[PDB]
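Comments concern the structure below.
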Number of protein chains: 2
Amino acid sequence: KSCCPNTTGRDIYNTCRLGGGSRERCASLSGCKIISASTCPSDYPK
Amino acid sequence: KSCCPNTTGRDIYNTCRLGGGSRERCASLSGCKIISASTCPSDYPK
């Protein structure tokens with residue numbers, strides 16, 4: 001599960017994904033984290 | 001040089017660069033232009 005610090009991070013991640021990027025690369029490019037739970041924590045809520 | 005349309009575009013571009021993205025990749029995510037000269041156009045001043 002990707003979890004992002006804010007909406008802009010989410011938008012970067014999503015855009016990177018839409019273009020074909022891998023999850024871990026897109027997380028790095030966006031500031032998002034890949035976690036093992038399906039619900040995001042309140043500090044990476046987006 | 002990266003030339004960005006607005007400060008959000010700058011923030012996105014720089015986040016992507018901080019995550020190891022190439023200039024071209026980060027330009028695509030941000031809407032910024034990569035210009036190989038020092039003066040940005042007025043419409044991409046950030």
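Note on naming: chains are A, B, ... as they come in the structure tokens, residues start from 1 per chain, ligands start from 1 in the order shown.
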
*Considering only C-alpha atoms, return as a VMD selection string whatever protein or nucleic-acid residues lie within 12 Å of segment 28-42 of chain A, sequence-local ones (same chain, fewer than 3 positions apart) excluded.*
(chain A and resid 1 to 17 21 to 25 45 to 46) or (chain B and resid 11 to 23 25 to 30)

C-alpha atoms of the current selection, written as a JSON list (two decimals), in the first residue's frame:
[["chain", "number", "residue", "atom", "x", "y", "z"],
["A", 1, "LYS", "CA", 0.00, 0.00, 0.00],
["A", 2, "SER", "CA", 1.25, 3.45, -0.84],
["A", 3, "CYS", "CA", 0.78, 6.09, 1.81],
["A", 4, "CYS", "CA", 1.68, 9.69, 1.23],
["A", 5, "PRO", "CA", 2.46, 12.61, 3.51],
["A", 6, "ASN", "CA", 0.16, 14.99, 1.67],
["A", 7, "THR", "CA", -1.93, 15.42, -1.41],
["A", 8, "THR", "CA", 0.92, 16.63, -3.57],
["A", 9, "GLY", "CA", 2.90, 13.52, -2.73],
["A", 10, "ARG", "CA", -0.10, 11.43, -3.67],
["A", 11, "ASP", "CA", -0.44, 13.25, -6.95],
["A", 12, "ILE", "CA", 3.23, 12.72, -7.79],
["A", 13, "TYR", "CA", 3.04, 9.06, -6.89],
["A", 14, "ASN", "CA", -0.12, 8.57, -8.87],
["A", 15, "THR", "CA", 1.25, 10.35, -11.89],
["A", 16, "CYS", "CA", 4.44, 8.32, -11.78],
["A", 17, "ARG", "CA", 2.31, 5.19, -11.57],
["A", 21, "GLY", "CA", 6.69, 3.57, -12.88],
["A", 22, "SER", "CA", 7.39, 0.94, -10.27],
["A", 23, "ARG", "CA", 5.94, 1.32, -6.83],
["A", 24, "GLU", "CA", 9.20, 1.74, -5.00],
["A", 25, "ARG", "CA", 10.60, 4.19, -7.54],
["A", 45, "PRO", "CA", -2.65, 9.64, 5.33],
["A", 46, "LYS", "CA", -3.02, 10.39, 1.65],
["B", 11, "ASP", "CA", 8.09, 21.65, -5.24],
["B", 12, "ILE", "CA", 7.15, 18.66, -7.27],
["B", 13, "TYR", "CA", 10.20, 18.85, -9.47],
["B", 14, "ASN", "CA", 12.51, 19.17, -6.51],
["B", 15, "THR", "CA", 10.84, 16.33, -4.61],
["B", 16, "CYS", "CA", 11.40, 14.12, -7.62],
["B", 17, "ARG", "CA", 15.02, 15.20, -7.92],
["B", 18, "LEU", "CA", 15.50, 14.53, -4.20],
["B", 19, "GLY", "CA", 14.26, 11.01, -4.88],
["B", 20, "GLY", "CA", 16.77, 10.40, -7.58],
["B", 21, "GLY", "CA", 14.73, 11.20, -10.68],
["B", 22, "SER", "CA", 16.32, 12.50, -13.81],
["B", 23, "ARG", "CA", 15.64, 16.02, -14.98],
["B", 25, "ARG", "CA", 11.42, 12.44, -15.60],
["B", 26, "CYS", "CA", 10.96, 15.12, -12.98],
["B", 27, "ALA", "CA", 9.99, 17.70, -15.60],
["B", 28, "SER", "CA", 7.29, 15.33, -16.80],
["B", 29, "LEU", "CA", 5.87, 14.92, -13.30],
["B", 30, "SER", "CA", 6.01, 18.62, -12.47]]

Take chain B, lay it over chain A with a least-squares fit on all the Cα atoms in order, then hand it over as an mmCIF file with C-alpha atoms, in the first residue's frame.
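As a result, selection_5.cif now contains:
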data_model
loop_
_atom_site.group_PDB
_atom_site.id
_atom_site.type_symbol
_atom_site.label_atom_id
_atom_site.label_comp_id
_atom_site.auth_asym_id
_atom_site.auth_seq_id
_atom_site.Cartn_x
_atom_site.Cartn_y
_atom_site.Cartn_z
ATOM 1 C CA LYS B 1 -0.770 0.351 -0.220
ATOM 2 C CA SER B 2 0.715 3.712 -0.934
ATOM 3 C CA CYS B 3 0.508 6.212 1.893
ATOM 4 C CA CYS B 4 1.300 9.794 1.075
ATOM 5 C CA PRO B 5 2.156 12.766 3.262
ATOM 6 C CA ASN B 6 -0.041 15.256 1.430
ATOM 7 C CA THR B 7 -2.078 15.573 -1.720
ATOM 8 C CA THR B 8 0.882 16.830 -3.762
ATOM 9 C CA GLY B 9 2.737 13.655 -2.790
ATOM 10 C CA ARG B 10 -0.276 11.642 -3.870
ATOM 11 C CA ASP B 11 -0.354 13.465 -7.191
ATOM 12 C CA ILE B 12 3.279 12.814 -7.807
ATOM 13 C CA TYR B 13 3.061 9.177 -6.862
ATOM 14 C CA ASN B 14 0.067 8.599 -9.071
ATOM 15 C CA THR B 15 1.610 10.448 -12.023
ATOM 16 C CA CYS B 16 4.605 8.181 -11.743
ATOM 17 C CA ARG B 17 2.429 5.083 -11.528
ATOM 18 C CA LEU B 18 0.475 6.283 -14.573
ATOM 19 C CA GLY B 19 3.788 6.434 -16.397
ATOM 20 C CA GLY B 20 4.664 2.890 -15.586
ATOM 21 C CA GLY B 21 6.867 3.358 -12.532
ATOM 22 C CA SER B 22 7.123 0.740 -9.861
ATOM 23 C CA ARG B 23 5.756 1.392 -6.414
ATOM 24 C CA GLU B 24 9.223 1.762 -5.011
ATOM 25 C CA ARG B 25 10.419 4.141 -7.693
ATOM 26 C CA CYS B 26 7.290 6.234 -7.394
ATOM 27 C CA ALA B 27 7.542 6.297 -3.602
ATOM 28 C CA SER B 28 11.053 7.672 -3.947
ATOM 29 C CA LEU B 29 9.906 10.461 -6.258
ATOM 30 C CA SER B 30 6.876 11.373 -4.168
ATOM 31 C CA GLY B 31 7.821 10.944 -0.550
ATOM 32 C CA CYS B 32 5.072 8.393 -0.131
ATOM 33 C CA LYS B 33 5.558 5.178 1.780
ATOM 34 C CA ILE B 34 4.713 1.730 0.536
ATOM 35 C CA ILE B 35 3.075 -0.145 3.342
ATOM 36 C CA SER B 36 2.021 -3.778 2.867
ATOM 37 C CA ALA B 37 -1.073 -3.414 4.967
ATOM 38 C CA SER B 38 -4.294 -1.527 4.661
ATOM 39 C CA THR B 39 -4.019 1.186 7.314
ATOM 40 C CA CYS B 40 -1.831 4.151 6.574
ATOM 41 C CA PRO B 41 -0.215 5.913 9.517
ATOM 42 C CA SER B 42 -1.818 9.284 10.380
ATOM 43 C CA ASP B 43 1.229 11.124 9.177
ATOM 44 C CA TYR B 44 0.854 9.607 5.662
ATOM 45 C CA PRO B 45 -2.898 9.715 5.195
ATOM 46 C CA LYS B 46 -3.233 10.797 1.576
#

*From the DSSP assignment of the backbone, select every residue of chain B that is helix (DSSP H, G or I), and format the answer as a list in words.*
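The helix (DSSP H, G or I) subset of chain B is residues 7, 8, 9, 10, 11, 12, 13, 14, 15, 16, 17, 18, 23, 24, 25, 26, 27, 28, 29 and 30 of chain B.
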
*Could you find all residues in chain A that DSSP calls strand (DSSP E or B) from the backbone, and write them as a ChimeraX atom specification?*
/A:2-3,33-34
